[PDB]
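As a starting point, one isolated chain is supplied in structure tokens, in the form deposited in one PDB entry.
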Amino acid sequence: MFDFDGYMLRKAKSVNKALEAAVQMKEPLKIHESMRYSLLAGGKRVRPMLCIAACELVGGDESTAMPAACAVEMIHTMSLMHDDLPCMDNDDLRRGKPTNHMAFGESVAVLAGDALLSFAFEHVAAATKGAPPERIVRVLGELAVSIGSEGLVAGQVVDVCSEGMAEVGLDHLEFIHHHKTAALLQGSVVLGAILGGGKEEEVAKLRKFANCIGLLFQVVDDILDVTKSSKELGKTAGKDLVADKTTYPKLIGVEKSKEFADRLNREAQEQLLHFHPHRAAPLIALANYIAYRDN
């Protein structure tokens, strides 16, 4: 038996303990306050757990992956802060509380966000221990690539440039899903796989695996939006309807979307048949939580 719950419970707590430790209050107090407001507001911490699990899978251990686990979560958090802004989604709720720019105003929100992006790299580069420099620089480079013009950012830009027309291309949409959400999941999986000493083929197989739960992640998120309320999700929801923004439920309804979800989750787990079933259990539990989470 694998007790997923207890597991996520334990990793989440460890990650929240490291996060609070990494971003302390110091001058300028408001920039730091706004960083901590969004970063410790607490979400599922799926990415940090993907990173730690991948490192532990190939043999590494949690403490060498923790600064990297923190770094991806900080990058994740800064993309939500930026996403919620009046010039983006203009949302008022995130993670159970007012969006950052409502609590501190637009400017501190932009800046607090860029500071997180910056500190993610400083944090991985100066605190990672138990890995050789060439490895830590390789990891930093992979983080870069996963979050910029070929990653997270590319998906975000294409997404805002698609809200212009109701005329939705079938694969102007996959491009958005693979970059908007999958890219950073892969980055999390790879940073930890590399850090734990994973061999190239293990890394490549994990990459392919992250791409499936990544495409899955966005599909489930598009479902919950149109089937859950703001209070449940912790964020302003249903706005995918009040925005010419192509999501799967819109393009193929909710039932075919859920169907597509299980298909994705099954393909995900198929990819891990690569590893021993014992090593694989955390990832499999994580593939299932990403798939059946209620929020």
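The first residue of the sequence shown is number 1, and the count goes up from there. Just so we're on the same page, rigid core means the largest C-alpha set that superposes within 1.5 Å between forms.
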Would you please confirm whether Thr236 lacks atomic coordinates in a third or more of the other entries that were compared?
-> yes
Looking only at C-alpha temperature factors in the entry, 229-237 or 62-70, the higher average sits in 229-237
For 253-261 versus 47-55, entry-based mean Cα B-factors point to 253-261
Selection from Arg94, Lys205, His76, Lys129 [criterion: highest C-alpha temperature factor in the record] | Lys129
Residue of maximum C-alpha B factor among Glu106, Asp83, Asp114, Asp222, per deposited coordinates = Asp222
Within this chain, which third does the Cα B-factor at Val242 fall in: lowest, middle or highest?
-> highest
According to the PDB entry, is the CA B factor of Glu27 in the bottom, middle or top third of its chain, that is, lowest, middle or highest?
-> middle
Among all modelled residues of this chain, ranked by Cα B factor, put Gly214 in the bottom, middle or top third, i.e. lowest, middle or highest.
-> middle
Third of chain Cα B-factors occupied by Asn100 | lowest
Can you tell me which third, lowest, middle or highest, the CA B-factor of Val190 falls into for its chain?
-> middle
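Missing here is the form deposited in another entry; even so, the following discussion is about that form.
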Is the C-alpha displacement of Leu29 equal to or greater than 2 Å between this form and the one not shown once the rigid core has been superposed?
-> no
2 Å or more on the CA of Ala261 between this form and the one not shown, with the rigid core superposed, yes or no?
-> yes
Core-aligned CA displacement of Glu142 at least 2 Å between this form and the one not shown | no
